[PDB]
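Written out below as structure tokens is the structure these notes cover.
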There are 2 protein chains.
Amino acid sequence: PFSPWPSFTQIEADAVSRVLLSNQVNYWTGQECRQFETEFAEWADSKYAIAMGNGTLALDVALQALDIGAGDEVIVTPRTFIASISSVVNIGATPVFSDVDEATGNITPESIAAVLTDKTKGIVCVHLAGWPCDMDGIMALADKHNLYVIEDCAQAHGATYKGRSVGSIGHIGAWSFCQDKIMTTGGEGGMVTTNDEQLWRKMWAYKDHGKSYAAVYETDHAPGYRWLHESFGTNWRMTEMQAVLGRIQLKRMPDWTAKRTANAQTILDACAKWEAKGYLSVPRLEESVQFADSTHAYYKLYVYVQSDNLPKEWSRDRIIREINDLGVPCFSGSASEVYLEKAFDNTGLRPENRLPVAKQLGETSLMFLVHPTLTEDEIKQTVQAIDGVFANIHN
Amino acid sequence: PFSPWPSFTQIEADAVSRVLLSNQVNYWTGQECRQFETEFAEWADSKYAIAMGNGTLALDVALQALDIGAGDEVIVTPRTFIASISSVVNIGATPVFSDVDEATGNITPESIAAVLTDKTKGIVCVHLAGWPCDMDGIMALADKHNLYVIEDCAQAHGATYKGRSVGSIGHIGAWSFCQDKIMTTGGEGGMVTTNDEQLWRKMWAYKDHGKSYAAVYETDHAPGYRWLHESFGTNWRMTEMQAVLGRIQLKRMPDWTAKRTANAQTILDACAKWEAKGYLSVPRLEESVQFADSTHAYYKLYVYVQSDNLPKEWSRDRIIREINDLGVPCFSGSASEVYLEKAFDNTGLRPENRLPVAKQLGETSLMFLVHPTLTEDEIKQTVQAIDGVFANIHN
Ligand SMILES: CC(=O)N[C@H]1[C@@H](OP(=O)(O)OP(=O)(O)OC[C@H]2O[C@@H](n3ccc(=O)[nH]c3=O)[C@H](O)[C@@H]2O)O[C@H](C)[C@@H](/N=C/c2c(COP(=O)(O)O)cnc(C)c2O)[C@@H]1O
Ligand SMILES: CC(=O)N[C@H]1[C@@H](OP(=O)(O)OP(=O)(O)OC[C@H]2O[C@@H](n3ccc(=O)[nH]c3=O)[C@H](O)[C@@H]2O)O[C@H](C)[C@@H](/N=C/c2c(COP(=O)(O)O)cnc(C)c2O)[C@@H]1O
Ligand SMILES: C[N+](C)(C)C
Ligand SMILES: C[N+](C)(C)C
Ligand code: NA
Ligand code: NA
């Protein structure tokens with residue numbers, strides 16, 4: 001197999017062992033989560049961060065703080081992991097699907113505007129695979145129509161939009177550190193970021209059974225039982241062992257982004273000849289007029305077949321099989337039409353017509369791995385498999 | 001300070017280090033959670049178990065599977081941690097408080113029956129401190145009124161009721177492994193247990209984004225993208241590092257229950273002379289005719305002041321102060337009237353009048369530690385602090 005992702009180091013194993021043997025294992029008995037919060041906020045260009053159990057709970061707590069619920073429409077992408085949509089359903093709101101950009105796979109200002117109604121309250125925009133959304137256009141639309149924006153940053157650690165971290169631009173950023181993500185806190189983890197003090201206080205309470213931050217930290221208490229629960233909430237906390245991994249990985253992020261970026265550019269460079277021959281489309285953020293001064297996180301590397309130009313005996317799926325047969329990982333990538341899941345049967349939530357760009361990218365995507373442990377030889381194998389298979393197509 | 005709880009061993013540190021370095025860190029990339037589920041189910045006398053992020057999410061997923069929501073009343077206890085009540089509020093149902101037993105601190109068949117209505121659908125009974133509820137009475141009452149029962153077992157690992165593990169008697173058992181609990185999976189953790197296959201399938205899907213167990217494991221899959229999400233759900237999963245701790249601690253539970261029991265017996269025995277003198281009430285499960293062939297988990301050890309028999313210069317609160325001043329941990333214990341929290345302001349959820357037994361136990365409780373790391377000498381010091389302060393009261 002190729003070099004693993006995730007790939008935990010002895011430093012990380014020693015850190016979790018130390019946290020465990022300290023017995024200071026909980027948000028309320030140690031300081032690892034609290035220091036991870038302040039370090040993550042600084043790293044993500046945000047005033048506030050809160051450590052969460054996972055990226056789904058991060059979306060959930062953001063929707064809770066924004067008072068999104070029954071009768072509110074929230075614009076969502078069809079091209080993502082289901083949590084980016086089901087979080088909206090689970091709070092009782094109505095997800096409404098926008099189509100995506102043919103180059104980036106993200107929802108766009110134009111496709112969001114097309115599905116806005118007088119009931120739209122929110123947008124959950126996903127920075128898919130690490131390519132940032134057009135946040136100037138999305139925030140302009142949100143200002144015009146009085147909408148709240150949640151940036152789903154689960155695939156986008158290290159991405160920037162015109163000089164600032166993703167997750168710092170919308171009202172709230174939601175983050176995952178699940179097992180194969182760019183940051184990976186020991187099996188699960190998440191985070192929210194915000195610049196709004198009131199949204200921070202609301203999310204902080206909600207993930208801690210409705211403990212008021214003001215009651216805990218900003219109030220003088222008599223000895224004995226303390227009355228802290230000033231609203232209803234739940235347990236969406238992270239452990240100390242997950243947090244110490246997060247803190248370690250923040251310090252690695254420049255290295256990790258640089259390695260992902262180098263791996264991606266080697267693969268995109270090799271795909272260019274097959275774009276010239278008409279078999280691939282190879283969108284590159286660094287060559288985009290509209291994503292000047294932005295950076296791609298490179299969670300995963302997408303290119304797209306030009307189906308019309310493949311011989312009849314070839315297809316996207318056959319290319320995946322042939323690259324896999326040469327020992328190189330290759331996938332169809334993200335779900336592109338999550339609304340086709342049976343969860344949407346009889347809900348009235350499925351678009352009445354399939355979203356054409358989302359449908360096309362589901363059919364055309366080829367997805368490659370670029371994670372930081374991949375060796376020069378593994379990236380060479382990747383390039384050689386692409387050249388081998390497309391040379392077979394070309395003859 | 002007294003011996004710590006929790007108190008993680010080198011064996012546990014080495015196990016979490018091995019899980020991390022394996023890179024098999026997630027429910028979907030390793031087998032520690034799946035083996036913990038089957039071992040926990042067997043240990044807890046249940047056909048099915050599902051690993052959960054925490055005991056709050058265990059309650060939440062049980063209420064989801066039972067289709068409890070808007071317009072449904074659920075009987076709850078006032079004498080617990082808020083999650084036993086706020087889980088009901090958060091799913092949209094109406095918590096209705098029952099008073100508690102003066103000896104055991106648990107809701108009783110009599111006090112539950114007093115607050116039943118035709119809209120009651122469920123009971124969340126807490127085995128407080130490890131003393132099992134009257135499950136014959138509660139299940140009889142649930143049968144006659146067509147109610148579902150959730151056992152909140154967060155404080156009750158090792159408790160049995162007439163030969164059976166707690167958590168195996170109600171429709172669903174909810175469990176916590178939070179940091180100071182009898183089992184403590186490295187900062188957070190939870191579990192549900194059930195004997196009902198359909199409730200198991202529903203909870204298993206809901207904690208995993210609505211992945212159907214049938215779609216994942218009972219369906220032959222074509223190559224490429226698999227359509228699994230047949231209903232809506234969320235991410236309420238446990239990590240592999242938490243699960244390996246759970247598996248280790250299950251094997252220690254005979255020893256841990258025996259040590260907690262021996263510690264409790266020594267303290268209760270010392271309290272007997274002060275009960276004889278009228279200063280304490282010392283309920284003992286092993287002496288209760290109603291709790292024959294049952295066993296106490298001994299999460300914490302409660303006795304109760306007889307307020308009426310204390311001299312004017314004395315109080316429950318002064319006894320706590322004086323025992324702590326001798327170097328012995330002592331607490332007022334569980335919240336006894338959770339409905340007094342400001343979360344309940346303007347909800348209409350407060351009982352018309354304060355619940356009198358619950359109010360009394362909040363005023364009279366003295367709670368001592370009995371966790372398995374406490375040495376013979378620390379238990380001796382506990383007895384001597386009790387004897388010193390009560391000898392002062394007497395003389
Ligand atoms: C355990 C784990 O690693 N889960 C990650 C994984 O989810 P998974 O269940 O495989 O979902 P899908 O990618 O829809 O795949 C469905 C099925 O098709 C198969 N498949 C998939 C792709 C493919 O190319 N080929 C294929 O055969 C899969 O093997 C699986 O059998 O892939 C997702 C993209 C990740 N995304 C999470 C996440 C959250 C939620 O964060 P959280 O996981 O709660 O921290 C929030 N927003 C965003 C934009 C997120 O990305 C999940 O964390
Ligand atoms: C981080 C941690 O260890 N939390 C545990 C702790 O909750 P805590 O926030 O302290 O809540 P309370 O006991 O109501 O105390 C409120 C305040 O008064 C203070 N206090 C409390 C008691 C006292 O004697 N003196 C005092 O000064 C506390 O320090 C705090 O400042 O004490 C609770 C009893 C535990 N209960 C858990 C659990 C779940 C929920 O499971 P989960 O915690 O989500 O796994 C579900 N059902 C059940 C029957 C559960 O037991 C919590 O796990
Ligand atoms: C530091 N960062 C803005 C690139 C995340
Ligand atoms: C049933 N028991 C093994 C938990 C005692
Ligand atoms: Na109903
Ligand atoms: Na009823």
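Residue names in the structure tokens use chain letters A, B, ... in the order shown, residue numbers from 1 in each chain, and ligand numbers from 1 in the order shown.
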Write out as a ChimeraX atom specification each polymer residue whose atoms come within 7 Å of range 168-178 of chain A, counting only C-alpha atoms; drop sequence neighbours fewer than 5 positions from it.
/A:44-46,54-55,58-59,62,148-154,183-185,187-194
Please provide as number ranges by chain all residues within 8 Å of residue 32 in chain B, with the sequence filter that same-chain residues fewer than 2 positions apart are discarded (counting only C-alpha atoms).
B: 27, 30, 34-36, 240-241, 243-244, 247
All strand (DSSP E) positions in range 48-244 of chain A, as an MDAnalysis selection string
chainID A and resid 48:52 73:76 94:97 120:126 148:152 160:161 164:165 172:176 190:194
Which of A:225, A:302, A:331, A:217 sits closest to ligand 2 [using only C-alpha atoms and all ligand atoms]:
A:225
Might you pull out every residue within 12 Å of residue 384 in chain B, with only C-alpha atoms counted and same-chain residues fewer than 4 positions away left off, and present them as number ranges by chain?
B: 266-267, 270-271, 323, 326-328, 377-380, 388-391
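If you look at CA of residue 24 in chain A and CA of residue 256 in chain A, they are 29.2 Å away from each other.
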Could you report the residues within 12 Å of ligand 5, using only C-alpha atoms and all ligand atoms, as a short mmCIF file (atom, residue, chain, number, x, y, z; two decimals) with N, CA, C and O atoms, in the first residue's frame?
```cif
data_model
loop_
_atom_site.label_atom_id
_atom_site.label_comp_id
_atom_site.auth_asym_id
_atom_site.auth_seq_id
_atom_site.Cartn_x
_atom_site.Cartn_y
_atom_site.Cartn_z
N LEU B 63 -33.69 8.21 23.26
CA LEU B 63 -34.94 8.97 23.03
C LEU B 63 -35.28 9.03 21.53
O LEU B 63 -36.46 8.88 21.18
N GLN B 64 -34.28 9.19 20.66
CA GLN B 64 -34.49 9.18 19.20
C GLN B 64 -35.09 7.84 18.76
O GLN B 64 -36.08 7.84 17.98
N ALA B 65 -34.50 6.74 19.19
CA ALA B 65 -34.93 5.41 18.72
C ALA B 65 -36.37 5.14 19.18
O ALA B 65 -37.09 4.39 18.51
N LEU B 66 -36.75 5.67 20.33
CA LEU B 66 -38.11 5.44 20.89
C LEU B 66 -39.13 6.42 20.31
O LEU B 66 -40.32 6.33 20.72
N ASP B 67 -38.73 7.29 19.38
CA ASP B 67 -39.67 8.21 18.69
C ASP B 67 -40.37 9.09 19.74
O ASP B 67 -41.61 9.29 19.67
N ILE B 68 -39.61 9.54 20.72
CA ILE B 68 -40.13 10.47 21.74
C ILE B 68 -39.83 11.89 21.27
O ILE B 68 -38.67 12.18 20.93
N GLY B 69 -40.82 12.77 21.24
CA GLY B 69 -40.66 14.14 20.71
C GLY B 69 -41.79 15.05 21.14
O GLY B 69 -42.33 14.86 22.23
N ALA B 70 -42.09 16.05 20.31
CA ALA B 70 -43.07 17.11 20.62
C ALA B 70 -44.37 16.48 21.10
O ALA B 70 -44.95 15.62 20.40
N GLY B 71 -44.84 16.95 22.25
CA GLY B 71 -46.16 16.55 22.79
C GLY B 71 -46.06 15.34 23.69
O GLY B 71 -47.02 15.09 24.41
N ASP B 72 -44.94 14.61 23.69
CA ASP B 72 -44.74 13.43 24.55
C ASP B 72 -44.20 13.89 25.89
O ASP B 72 -43.24 14.69 25.91
N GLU B 73 -44.76 13.40 26.96
CA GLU B 73 -44.22 13.63 28.31
C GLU B 73 -43.29 12.49 28.68
O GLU B 73 -43.55 11.32 28.33
N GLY B 92 -37.35 17.72 22.08
CA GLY B 92 -38.64 18.41 21.90
C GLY B 92 -39.72 17.88 22.81
O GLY B 92 -40.85 18.39 22.74
N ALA B 93 -39.43 16.89 23.64
CA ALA B 93 -40.42 16.30 24.56
C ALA B 93 -40.49 17.12 25.84
O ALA B 93 -39.70 18.06 26.06
N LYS B 119 -50.50 11.58 28.01
CA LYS B 119 -49.40 12.04 27.12
C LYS B 119 -48.04 11.50 27.57
O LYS B 119 -47.10 11.63 26.80
N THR B 120 -47.92 10.87 28.73
CA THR B 120 -46.65 10.23 29.12
C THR B 120 -46.34 9.14 28.11
O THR B 120 -47.24 8.30 27.82
N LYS B 121 -45.10 9.12 27.62
CA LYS B 121 -44.64 8.06 26.69
C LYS B 121 -43.43 7.32 27.25
O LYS B 121 -43.17 6.19 26.83
N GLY B 122 -42.69 7.95 28.15
CA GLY B 122 -41.42 7.38 28.62
C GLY B 122 -41.14 7.71 30.06
O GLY B 122 -41.73 8.66 30.59
#
```
Residue hits in chain B, query chain A, radius 6 Å, only C-alpha atoms, as a PyMOL selection string:
chain B and resi 6-8+13+17+21+23+25-26+56+186-187+229-232+235+239+341-343
Just the selected residues (C-alpha atoms), exported as a compact mmCIF listing (two decimals), in the first residue's frame, please.
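Dumped to again_5.txt:
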```
# COMPACT_ATOMS: atom_id res chain seq x y z
CA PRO B 6 -9.43 8.50 37.70
CA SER B 7 -6.02 6.78 38.00
CA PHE B 8 -4.75 5.56 34.60
CA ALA B 13 -1.27 4.29 28.53
CA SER B 17 -0.21 4.48 22.45
CA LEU B 21 0.56 4.26 16.32
CA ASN B 23 -3.32 4.52 12.75
CA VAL B 25 -8.09 5.24 15.28
CA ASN B 26 -11.73 5.44 14.10
CA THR B 56 -25.56 12.48 27.29
CA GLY B 186 -9.90 8.51 28.98
CA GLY B 187 -11.99 11.67 29.51
CA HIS B 229 -27.61 6.95 4.36
CA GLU B 230 -31.22 5.69 4.40
CA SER B 231 -32.31 8.05 7.22
CA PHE B 232 -30.94 11.23 8.85
CA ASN B 235 -21.89 11.81 14.57
CA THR B 239 -12.78 6.76 19.25
CA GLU B 341 -31.59 25.89 37.31
CA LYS B 342 -32.26 29.10 35.32
CA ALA B 343 -32.57 26.94 32.14
```
Would you compute the distance between CA of residue 132 in chain A and atom 34 (C, counted along the ligand's line) of ligand 1? Give it in Å to one decimal.
16.1 Å
Using the chain letters and numbers from this document, which residues of range 66-101 of chain B does DSSP assign to alpha helix (DSSP H), as an NGL selection string?
:B and (83-90)
What do you get as number ranges by chain if you pick all residues at most 6 Å from ligand 4, counting only C-alpha atoms and all ligand atoms?
B: 43-44, 158, 164-165
Once you have the residues from the selection above, write them out as a PDB file, in the first residue's frame, restricted to C-alpha atoms.
```pdb
ATOM      1  CA  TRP B  43     -21.068  -7.999  30.635  1.00  0.00           C
ATOM      2  CA  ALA B  44     -24.333  -5.962  30.941  1.00  0.00           C
ATOM      3  CA  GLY B 158     -21.634  -3.087  38.407  1.00  0.00           C
ATOM      4  CA  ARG B 164     -29.501  -8.899  36.257  1.00  0.00           C
ATOM      5  CA  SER B 165     -27.175  -6.007  35.275  1.00  0.00           C
TER       6      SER B 165
END
```
Out of A:110, A:313, A:220, A:134, which residue has the shortest atom-to-atom distance to residue 160 in chain A when counting only C-alpha atoms?
A:134
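Separating atom 12 (P, counted along the ligand's line) of ligand 2 from CA of residue 33 in chain A is a distance of 20.2 Å.
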Please list as a ChimeraX atom specification every residue within 9 Å of residue 145 in chain A, counting only C-alpha atoms and excluding residues in the same chain fewer than 3 positions away.
/A:116,118,120-121,140-142
